[PDB]
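The structure appears below as structure tokens.
Residue numbers (the entry's author numbering), protein chains in the order written: chain L, 3 to 212; chain H, 1 to 139, 146 to 226.
Given below as structure tokens:
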């Protein structure tokens, strides 16, 4: 029955940030903090409310007492994009809070845009996947519109966004257009149109079968 | 230093027992300064403690799992294990190894010193469908990649040039297709100078299906 607040926050590089934790009961034993990198196991940074693990950068610090505890990053680095968790040992049990997500806001950046055809190896399966790639841009929000011989597509494409880059604080986006081989072959011109805040005008990448 | 290594299946059927193992290296588990145990993270959720075992044979558990779970330890193997009975969809989670340091002297003072890597486990009635991997070829700065398609469950790893290629590489989180199977892709930004000169190979793995493939991506 622990809780943390806020559930998440954004800050720019160099900003000082603080998140909080409320214990399920007055702490009588240890209370600690862990960092979970995107896709990685949680790692201990702080123990006994304020002591750092050997190797932890001096910018990390913990505090508080009773039921109310905090976690602070003195000057936020892009490498600090992570979920932070508050943990306690009480009533002979270990308990974790919900966790707080911390990430980076940064200025706009225009995407690099690429388009790829399906391989022959995939066409042999009877299916075709045409892939559009937007790389290293900010903000996350982007609009991708698939076109085949100037016919706008819908109902046949997936999208996926990467985690925020640990160094650049940017995002990349893939979009996959799924056609049967018959649908791929009945058409000639394939294209991916991208609209984004960092662009002065929407841009297009394309290819032709042959 | 002290390290933990994950082991076990990525797939268990409903009503079966999920059995996972940690291997300990960089030190022995036979010490009163440490307790060993398990933590899980259902996708999109926070961390949940499962339980802990003491090298002499004692143990403690999360009451919500205690009636279903057992944790054991073996000091001659320098390993520890988790068995969770009557699994359901609720138990889909990433399971982690962790070590607990006994702080101070003779008090209930604890922290989780070393963490595992995470073992993704899916509970499902479905089969271990492995992926097919196809190259994505380009034709200034260029980009190239691999398309990983049609697999289930989703514990997959993608790397380039056997770990040699790092900078410029990004992967995408799994996409759930309407088919019920997962799709994933991986790309790398390369100069047009290296394109067609330097080879680029993606290394793709799926544990439950025992699938290991390698695909070279070349320009048109």
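The C-beta atom is built at its ideal place from N, Cα and C for all residues, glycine as well.
Chain-ordered neighbours of residue i on chain L, where CB pairs are closer than 9 angstroms
{"i": "residue 224 of chain H", "result": "Within chain L, no residue comes near residue 224 of chain H; the closest Cβ sits about 10 angstroms away, beyond 9 angstroms."}
Partner residues on chain H for residue i, Cβ-Cβ distance less than 9 angstroms
{"i": "residue 114 of chain L", "result": "147, 149, 195"}
{"i": "residue 66 of chain L", "result": "Per Cβ cutoff of 9 angstroms: no residues; residue 66 of chain L is ~16 angstroms from chain H at best."}
Under 8 angstroms from the C-beta of residue i: neighbouring residues of chain H
{"i": "residue 1 of chain L", "result": "With chain L covering only 3 through 212, there is no way to say anything about residue 1 of chain L."}
Nonlocal neighbours in the same chain, by C-beta distance under 8 angstroms from residue i, ignoring five residues either side
{"i": "residue 58 of chain L", "result": "47, 48"}
{"i": "residue 225 of chain H", "result": "137, 138, 139, 148, 150, 201, 202"}
CA nearest to the CA of residue i, picked from the options
{"i": "residue 198 of chain L", "options": "L/133, L/138, L/99, L/22", "result": "L/138"}
{"i": "residue 133 of chain L", "options": "H/150, H/122, H/124", "result": "H/150"}
{"i": "residue 56 of chain H", "options": "H/28, H/64, H/50, H/38", "result": "H/28"}
{"i": "residue 185 of chain H", "options": "H/98, H/204, H/159", "result": "H/159"}
{"i": "residue 64 of chain L", "options": "L/42, L/35, L/105", "result": "L/35"}
{"i": "residue 103 of chain H", "options": "H/35, H/74, H/128, H/61", "result": "H/35"}
{"i": "residue 135 of chain L", "options": "H/113, H/177, H/60", "result": "H/177"}
{"i": "residue 14 of chain L", "options": "L/77, L/127, L/95, L/51", "result": "L/77"}
{"i": "residue 149 of chain L", "options": "L/127, L/102, L/181, L/162", "result": "L/181"}
Classification of residue i by the beta-carbon crowding that lies within 10 angstroms, buried from 16 upward
{"i": "residue 213 of chain H", "result": "buried"}
{"i": "residue 189 of chain L", "result": "exposed"}
{"i": "residue 40 of chain H", "result": "buried"}
{"i": "residue 98 of chain L", "result": "buried"}
{"i": "residue 136 of chain H", "result": "buried"}
{"i": "residue 13 of chain H", "result": "exposed"}
{"i": "residue 182 of chain H", "result": "exposed"}
{"i": "residue 152 of chain L", "result": "exposed"}
{"i": "residue 144 of chain L", "result": "buried"}
{"i": "residue 154 of chain L", "result": "exposed"}
{"i": "residue 5 of chain H", "result": "exposed"}
Neighbouring residues, chain L, relative to residue i (Cβ below 8 angstroms)
{"i": "residue 204 of chain H", "result": "The contacting residues do not exist; residue 204 of chain H stays about 17 angstroms from chain L at best."}
{"i": "residue 103 of chain H", "result": "32, 49, 50"}
Bridge partner(s) assigned by DSSP for residue i
{"i": "residue 197 of chain H", "result": "H/147"}
{"i": "residue 190 of chain H", "result": "H/154"}
{"i": "residue 176 of chain H", "result": "H/193"}
{"i": "residue 220 of chain H", "result": "H/209"}
{"i": "residue 53 of chain L", "result": "L/49"}
{"i": "residue 103 of chain L", "result": "L/10, L/85"}
Within chain H, the residues that residue i reaches when beta carbons sit closer than 7 angstroms
{"i": "residue 97 of chain L", "result": "49"}
{"i": "residue 123 of chain L", "result": "134"}
{"i": "residue 44 of chain L", "result": "47, 115"}
Close-in-space but distant-in-sequence residues of the same chain around residue i (CB under 7 angstroms, 5 per side omitted)
{"i": "residue 178 of chain L", "result": "131, 133, 159, 160"}
{"i": "residue 62 of chain L", "result": "47, 48, 54, 75"}
{"i": "residue 88 of chain H", "result": "14, 123"}
Cutoff 6 angstroms; reference residue i; Cβ partners in own chain excluding five residues on either side
{"i": "residue 83 of chain H", "result": "17, 19, 70"}
{"i": "residue 211 of chain H", "result": "163, 218"}
{"i": "residue 165 of chain L", "result": "40"}
Residue i Cβ short of 7 angstroms to the ligand ADP heavy atom set
{"i": "residue 173 of chain H", "result": "Annotation note on the ligand ADP: not contained in the displayed structure, which lists no ligands."}
Chain-ordered chain L contacts of residue i [CB-CB under 7 angstroms]
{"i": "residue 62 of chain H", "result": "95"}
{"i": "residue 179 of chain H", "result": "162"}
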